[PDB]
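Throughout, protein chains are lettered first and strands after them, A, B, ... in sequence-line order, and every chain is numbered starting at 1.
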Number of protein chains: 2
Amino acid sequence: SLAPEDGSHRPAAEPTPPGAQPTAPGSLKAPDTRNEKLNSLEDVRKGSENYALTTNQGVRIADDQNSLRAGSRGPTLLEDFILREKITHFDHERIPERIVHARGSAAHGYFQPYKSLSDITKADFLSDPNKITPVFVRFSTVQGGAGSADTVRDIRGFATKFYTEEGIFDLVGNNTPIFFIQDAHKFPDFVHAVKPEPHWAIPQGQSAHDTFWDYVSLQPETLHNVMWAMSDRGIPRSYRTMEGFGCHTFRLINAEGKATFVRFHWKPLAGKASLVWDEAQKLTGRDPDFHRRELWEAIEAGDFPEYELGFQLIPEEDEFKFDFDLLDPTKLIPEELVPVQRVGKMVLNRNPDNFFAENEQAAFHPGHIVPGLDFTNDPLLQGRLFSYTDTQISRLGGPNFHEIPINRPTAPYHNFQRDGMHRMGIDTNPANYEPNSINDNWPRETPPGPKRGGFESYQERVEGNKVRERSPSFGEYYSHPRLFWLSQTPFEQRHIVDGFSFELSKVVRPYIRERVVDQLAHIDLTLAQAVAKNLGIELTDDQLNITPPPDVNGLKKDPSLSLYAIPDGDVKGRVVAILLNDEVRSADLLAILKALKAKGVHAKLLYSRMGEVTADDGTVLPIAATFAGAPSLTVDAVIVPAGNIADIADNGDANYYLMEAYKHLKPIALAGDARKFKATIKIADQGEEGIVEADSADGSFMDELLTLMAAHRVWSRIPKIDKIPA
Amino acid sequence: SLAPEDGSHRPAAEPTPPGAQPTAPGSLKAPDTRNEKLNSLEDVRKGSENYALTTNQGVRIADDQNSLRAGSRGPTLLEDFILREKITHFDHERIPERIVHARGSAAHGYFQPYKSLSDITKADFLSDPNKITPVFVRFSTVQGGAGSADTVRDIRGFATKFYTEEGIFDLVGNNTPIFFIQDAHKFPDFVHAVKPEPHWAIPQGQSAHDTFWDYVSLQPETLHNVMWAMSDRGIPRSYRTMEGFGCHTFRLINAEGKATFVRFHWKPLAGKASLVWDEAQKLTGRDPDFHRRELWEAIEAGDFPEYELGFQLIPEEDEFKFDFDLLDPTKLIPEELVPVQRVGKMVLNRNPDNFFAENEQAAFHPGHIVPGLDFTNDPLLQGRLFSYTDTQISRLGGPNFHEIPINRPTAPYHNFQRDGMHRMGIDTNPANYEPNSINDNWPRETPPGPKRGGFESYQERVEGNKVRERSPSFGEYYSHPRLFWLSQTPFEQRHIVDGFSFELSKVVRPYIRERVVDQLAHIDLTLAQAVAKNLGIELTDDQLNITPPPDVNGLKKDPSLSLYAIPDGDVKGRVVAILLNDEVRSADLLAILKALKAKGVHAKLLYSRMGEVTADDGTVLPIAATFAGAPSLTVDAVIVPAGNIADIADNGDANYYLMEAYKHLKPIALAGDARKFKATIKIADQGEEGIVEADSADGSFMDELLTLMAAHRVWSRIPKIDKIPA
Ligand code: HDE
Ligand code: HDD
Ligand SMILES: [S]
Ligand SMILES: [S]
């Protein structure tokens with residue numbers, strides 16, 4: 001008996017805020033959260049308490065602390081099969097990581113539609129508002145390895161596995177509505193350019209290097225998704241506060257056989273929010289697991305990530321009615337032209353039990369569609385359909401990867417396929433071929449129909465020669481970048497400019513920087529001049545005269561392209577650092593903590609050491625972390641309560657905490673004598689927007705703080721930080 | 001889409017300082033650097049210039065931009081074999097990463113002994129001071145994935161493959177002279193405890209989490225290597241500035257059959273140097289590839305990493321003469337008791353061509369020994385011999401891993417083994433078995449003997465019963481941690497206290513922190529109290545009365561265990577940041593660069609934008625990076641020349657650059673009006689040891705700065721940094 005007698009080793013099986021309890025496997029943390037897929041995994045879940053330690057063959061082990069040897073100081077004997085089985089399993093624990101999106105965090109939850117969509121699709125999962133579909137969702141970065149950092153600048157993956165009654169549907173999307181390239185044949189060129197360079201394998205988790213910007217400079221089709229990566233879109237606050245997109249035009253097919261073109265959307269119900277670059281980069285160092293941790297702890301807290309599925313729908317007759325090709329995955333469809341229609345809601349409400357078993361081994365692939373959905377000729381989508389099945393044969397060891405428990409359909413599956421490595425299913429069918437008479441031809445084909453029918457492809461007309469040729473309709477590269485640029489706020493534009501400037505400064509060959517700047521001059525002159533200035537590059541007279549590209553179907557902006565132009569803040573699940581002193585004014589802290597609790601905002605009590613401090617009234621305040629141990633990078637706002645300020649007024653870490661949070665545009669609130677920290681951040685006596693201050697934390701102090709938190713960051717402070725030494 | 005006409009895409013094939021040229025594959029950067037192993041790889045090196053792009057089957061490709069489709073907007077066709085080969089290769093690029101030491105950086109070089117060691121070993125590679133042995137060396141962390149960060153707190157690996165005339169010898173060592181555990185059987189328990197926890201796969205690259213500290217608190221045998229990990233040894237400045245150790249007692253066997261116990265050492269000729277924690281942690285975010293990059297750039301610069309191989313030799317009859325067991329790998333042999341005898345020098349002088357092929361696929365294993373060497377019954381070593389062959393079967397795809405080019409011996413190999421996946425060698429031998437008459441028994445066994453003989457194991461006497469039992473002589477855990485503690489300088493002690501304090505503050509379960517502090521009370525009360533104070537823990541009366549463990553064979557300390565107590569600094573290969581202004585005083589820059597060049601110290605010229613600035617005399621100065629883009633973390637010292645100081649005096653990044661360098665104990669030099677920055681770091685008029693200052697940069701100024709750099713950091717400044725908000 002090694003556990004503490006007080007039972008404090010074991011986290012309460014009830015929702016608890018971040019940091020309050022150690023984290024745990026989902027079935028231990030939240031045993032009564034269930035769905036059909038979670039229940040179906042019960043046949044393979046393995047417990048431990050009260051069981052004997054054994055070999056994999058079931059033999060109980062007496063001494064798991066020693067190898068068998070000839071004498072207690074002698075040589076280890078080959079007949080020690082317990083040692084060998086244990087070390088063999090260890091020596092083969094690793095499997096190949098994903099070629100891209102190797103870094104990813106996942107959770108279980110469920111989806112339900114708001115209403116039946118039978119008029120536009122026969123997909124069973126969308127047929128009835130009372131039909132609940134379990135999901136498993138993995139969010140990811142793109143470039144870095146499975147052991148790379150979360151808050152890099154990169155695109156994010158958002159993959160959802162829907163366990164429907166008519167088969168697995170995988171919606172394998174990203175957090176921007178387009179991709180860098182037009183044709184899948186170039187995917188290894190593009191990925192090789194952005195991945196670590198081949199001689200030395202540097203840099204990890206970063207497009208800020210020569211080969212990426214060389215490819216970009218030579219392939220102007222990439223510029224649209226580059227604009228997105230260079231914006232604050234490339235550095236999300238949380239996987240809960242990013243948008244999701246299905247990337248391509250697909251089809252919905254209804255019972256009557258009508259095809260409708262569709263693009264998939266996920267809207268984050270917690271709003272859109274991103275970090276700023278200095279903060280994101282420093283956070284990869286202070287907590288490279290910040291997004292993985294945040295997702296897990298939001299779920300443990302009951303701040304379940306929620307997303308609304310939406311569809312942009314385009315009738316078949318309108319295929320050619322846009323300035324851009326609907327099949328070109330480097331073009332978005334502006335919501336001003338084609339609104340997103342709300343479809344249903346997804347809630348992620350339980351973490352995995354074992355990350356390897358459920359997250360690392362999960363296989364998602366956009367060819368896993370169901371009757372009521374179909375593909376289009378998008379030439380990127382078309383090659384994806386090859387890759388996602390092929391890649392599993394090495395990654396997951398063979399063609400039986402659908403029998404790995406997380407991957408299994410909850411729908412029935414039966415067919416004549418046999419054997420392969422790791423075969424689990426034991427087929428009793430006398431027949432392994434069809435047509436057969438020996439089993440009366442079962443299992444049998446099923447005609448398509450309105451429900452529960454076999455899959456049949458939409459009978460799209462194909463006409464043309466066998467050609468390796470890009471459609472001329474795809475040959476336009478600058479208007480969508482420009483539409484994105486013009487849709488961003490002035491602070492968002494600034495962060496785009498700074499993204500390009502920072503990245504191109506890491507490009508060692510200066511001609512590549514020049515070449516990129518020339519491409520920027522084809523998008524927007526102000527953008528190009530500002531990046532040029534930061535690189536000490538002067539635009540030529542020709543570059544200054546490049547006529548900008550056309551508006552997109554008469555649009556000069558679309559505010560849905562901005563993270564921030566239309567406010568959508570939600571404070572629930574956000575977190576505030578509270579900087580303690582050794583004699584806190586307890587009435588300030590009561591007011592602060594209850595106001596935060598009322599809005600579902602968490603807190604972390606910080607000090608210069610661990611343990612406890614005592615408030616003016618004798619309340620014992622438990623310390624969550626030190627100032628250095630839990631830097632302002634990890635919180636959304638900082639509050640300093642009144643009290644013995646002299647305790648921390650000269651603490652370099654305390655001061656720096658505020659300078660850091662100040663630089664990164666976070667709200668800061670200062671009560672009572674905590675106002676002496678005004679001098680540290682240079683705040684005028686009469687105060688400034690984004691700094692909450694009063695004699696005490698009562699009255700409107702917490703409402704004003706919460707109002708600032710609802711708007712995410714204090715963009716007005718940007719000219720002020722430019723000269724802060726932090 | 002081509003190269004610039006000025007040829008600036010291509011790095012000069014000459015040694016060049018870091019940042020002067022883009023880095024390149026070793027055979028192109030240094031084509032005249034050769035050794036027997038590098039040459040033998042010529043059969044598989046593949047160029048590219050002037051060659052046609054092809055499939056893997058040698059078919060020239062006309063259009064590498066497009067998939068084959070039916071019309072230019074049509075579906076992709078299954079007959080596109082060029083697309084499918086290219087995507088299939090890409091889909092299967094990844095192989096499983098190493099179970100441990102997955103993160104590593106490697107180079108080629110050579111070794112030679114100083115004198116023949118034939119009196120103690122018949123190993124051919126130690127037999128003649130003029131026989132050169134090619135090596136390939138991989139340096140690594142331990143816990144994190146292949147895409148984790150370099151400057152984490154962790155043990156480092158130091159593995160050397162010697163391609164000898166009598167076979168491959170791999171010396172597979174670490175940067176500390178012991179390991180955490182005693183018996184190989186516990187290796188998966190320990191590794192699982194330090195690795196990301198299994199529910200959520202957090203944290204990456206860090207022992208700062210509950211499971212690791214839980215295991216340590218329950219297994220006091222770990223405390224010795226924990227002491228080393230918590231010290232600054234856990235955060236080396238560079239792989240060139242750490243020691244290497246072979247971890248176990250091995251044996252040398254001479255021609256007369258005499259056995260001598262030996263422990264292996266590598267002494268860095270660039271001296272011993274480590275980061276400080278805050279710097280190390282921030283650098284994992286600002287450059288997670290810092291040690292990989294620094295190693296590669298040192299070799300491109302000609303600052304070849306050099307190490308001296310050294311042996312601790314113990315005669316056989318002295319096996320039991322110490323107060324610890326020689327076979328216990330948690331115990332070190334103090335150099336005060338047994339001196340390291342210098343044996344030879346290893347120089348790393350070329351980088352690989354392709355990191356995957358040469359680095360990722362290299363397989364090192366300590367059972368790969370050669371005649372003249374042998375094992376002992378160390379129970380950690382004993383089990384390692386099982387693991388390093390077994391693990392390659394999955395990692396490298398089968399039993400022909402020695403045919404992967406980097407792993408091939410340069411010595412002949414012939415045997416009767418056949419087949420296995422991706423078998424390269426085509427055996428012509430009529431016989432695949434022995435004894436045979438049909439090939440007159442070739443290849444044949446060879447008797448053991450003085451040189452070129454068959455391997456025979458030293459005939460060690462074994463006497464004991466078949467037992468799973470730890471030797472009673474291994475059951476002492478506190479004396480070596482105490483010896484280590486007492487041998488550290490006071491600032492090294494403080495950093496150890498700080499590492500335990502910082503780590504234990506991230507352990508969520510408070511009873512684990514308490515149990516570790518109790519263990520510390522068994523080693524040293526001063527250490528234990530200092531950690532307790534930071535965790536808000538109070539030692540009990542009993543804990544206060546724990547009798548300190550005994551001295552190690554009479555030793556109160558051994559200064560060879562400290563990084564810094566005996567000066568051994570070498571500035572060649574270090575780097576200085578030079579903060580420019582838009583009118584640099586060229587006379588200062590002239591004298592700065594002249595002095596730096598004379599000691600082989602590199603410079604990086606920094607500014608607030610990229611491009612060029614012009615000095616007072618018209619000299620045009622290209623800018624390597626911005627203040628933000630190459631932070632003071634990445635350099636050893638900072639110099640600010642005179643000139644138009646107003647240009648940068650109110651720049652927040654330039655001021656912070658000095659604040660961060662100051663906090664991290666780095667030398668700073670300020671010439672002319674740059675002395676105005678003394679105000680940002682609160683240096684008094686009189687000046688301060690560690691801040692060099694004068695009217696101009698001259699002989700005296702540079703000598704002073706270079707003296708400071710030879711001492712690595714300004715430890716006397718430590719009292720002054722608590723207050724700086726940085
Ligand atoms: C639309 C969102 C999107 C796009 C446009 C692409 N990826 Fe993805 N990808 C694989 C291949 C692949 C191809 C061939 C193309 C364009 C031709 C794309 N990608 C672009 C893959 C190598 O087969 C992949 C790696 C492992 C795997 O199972 O499939 C893969 C991963 C991936 C993920 C991660 C899903 C997960 O396992 O968490 C996501 C979200 C995308 N891709 C999105 C995506
Ligand atoms: C019984 C298991 C076992 C134990 C007890 C040890 N090792 Fe080990 N080591 C392995 C089992 C292993 C391994 C699992 O087999 C690895 C990873 C995969 C590989 O090829 O070997 C490995 C890799 C590995 C590497 C990386 C070589 C490379 O760059 O590829 C180094 C430097 C060490 N080990 C060093 C050590 C040291 C100094 C030890 C303490 C004396 C030690 N190992 C004990
Ligand atoms: S996409
Ligand atoms: S070791």
Side-chain angles (χ1 to χ4, degrees), chain A residues 4 22 25 63 66-68 70-76 83 87 90-92 94 96 144-148 183 185 188 199-204 218 282 284-285 288-289 296 355 377 382 387 390-391 394 462 464 468-469 471 505 508 511 534-536 609-611 629 652 655-656 723-725, chain B residues 1 4 22 25 63 66-68 70-76 83 87 90-92 94 96 144-148 183 185 188 199-204 282 284-285 288-289 296 355 377 382 387 390-391 394 462 464 468-469 471 505 508 511 534-536 609-611 629 652 655-656 723-725:
Chain A
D63 182 355
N66 291 293
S67 308
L68 187 65
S72 59
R73 300 184 72 247
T76 297
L83 170 74
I87 301 297
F90 176 82
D91 285 340
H92 297 296
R94 301 290 175 264
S148 60
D183 188 304
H185 190 73
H199 56 300
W200 65 344
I202 291 183
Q204 201 67 214
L218 294 174
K282 208 190 302 184
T284 63
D289 302 304
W296 194 277
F355 181 104
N377 295 333
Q382 288 273 317
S387 172
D390 174 47
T391 193
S394 54
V462 181
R468 295 176 168 82
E469 176 173 351
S471 181
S505 86
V508 177
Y511 75 87
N534 286 335
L535 298 177
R609 56 150 176 86
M610 302 286 284
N655 295 289
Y656 187 69
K723 46 218 287 303
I724 194 177
Chain B
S1 114
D63 188 357
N66 290 290
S67 301
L68 184 72
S72 61
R73 290 188 80 246
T76 298
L83 173 71
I87 298 302
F90 169 78
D91 281 344
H92 300 295
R94 302 288 177 271
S148 59
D183 186 312
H185 188 72
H199 58 297
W200 67 346
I202 293 185
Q204 199 70 210
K282 207 193 302 181
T284 69
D289 301 306
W296 192 284
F355 180 100
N377 293 326
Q382 289 275 314
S387 177
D390 173 46
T391 199
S394 63
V462 174
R468 292 180 171 84
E469 173 179 348
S471 183
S505 84
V508 180
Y511 73 87
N534 291 326
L535 300 170
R609 55 158 178 80
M610 303 289 290
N655 276 280
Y656 187 75
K723 278 150 196 304
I724 83 0

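If you measure heavy-atom distances from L535(A) to chain B, the contacts under 4.5 Å come from both the backbone and the side chain. Of the atoms belonging to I724(B), it is backbone heavy atoms, and not side-chain ones, that fall under 4.5 Å from chain A. Contacts between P288(A) and chain B at a heavy-atom distance below 4.5 Å involve the side chain alone, from C-beta outward.
Ranking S387(B), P203(B), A146(B), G629(B) against chain A, the residue ahead of the rest is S387(B), based on heavy-atom pairs under 4.5 Å. When the candidates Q382(B), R94(B), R468(B), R609(B) are compared by the number of heavy-atom contacts under 4.5 Å with chain A, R468(B) comes out ahead. Heavy-atom pairs under 4.5 Å with chain A peak, among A70(B), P4(B), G145(B), at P4(B). For the set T76(B), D390(B), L83(B), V508(B), the entry with the most heavy-atom pairs within less than 4.5 Å of chain A is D390(B). When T391(A), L218(A), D63(A), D91(A) are compared by the number of non-hydrogen pairs under 4.5 Å with chain B, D91(A) comes out ahead. Note on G536(B), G611(B), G464(B), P188(B): by heavy-atom pairs under 4.5 Å with chain A, the leading option is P188(B). Your options are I87(B), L68(B), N655(B), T284(B), and the one with the most heavy-atom pairs under 4.5 Å with chain A is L68(B). Interface remark: of the candidates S394(A), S72(A), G144(A), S72(A) forms the most heavy-atom pairs closer than 4.5 Å to chain B.
Across all non-hydrogen atoms, the minimal contact from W296(B) to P25(B) is CZ2-CA, 4.3 Å. Across all non-hydrogen atoms, the minimal contact from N377(B) to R73(A) is CB-O, 3.4 Å. Heavy atoms only, all atoms of each residue included: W200(A) and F355(B) are closest at O-CD1, 3.6 Å.
No side-chain heavy atom of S505(B) sits under 4.5 Å from any side-chain heavy atom of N534(B).
Side-chain atoms of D289(B) come within 3.5 Å of backbone atoms of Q204(A) as a donor-acceptor pair (strictly under, hydrogens ignored). In this structure, the side chain of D183(B) engages the main chain of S67(A) through a donor-acceptor pair within 3.5 Å.
Rounding to the nearest 0.5 Å places CG of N66(B) at 8.0 Å from NE2 of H185(A).
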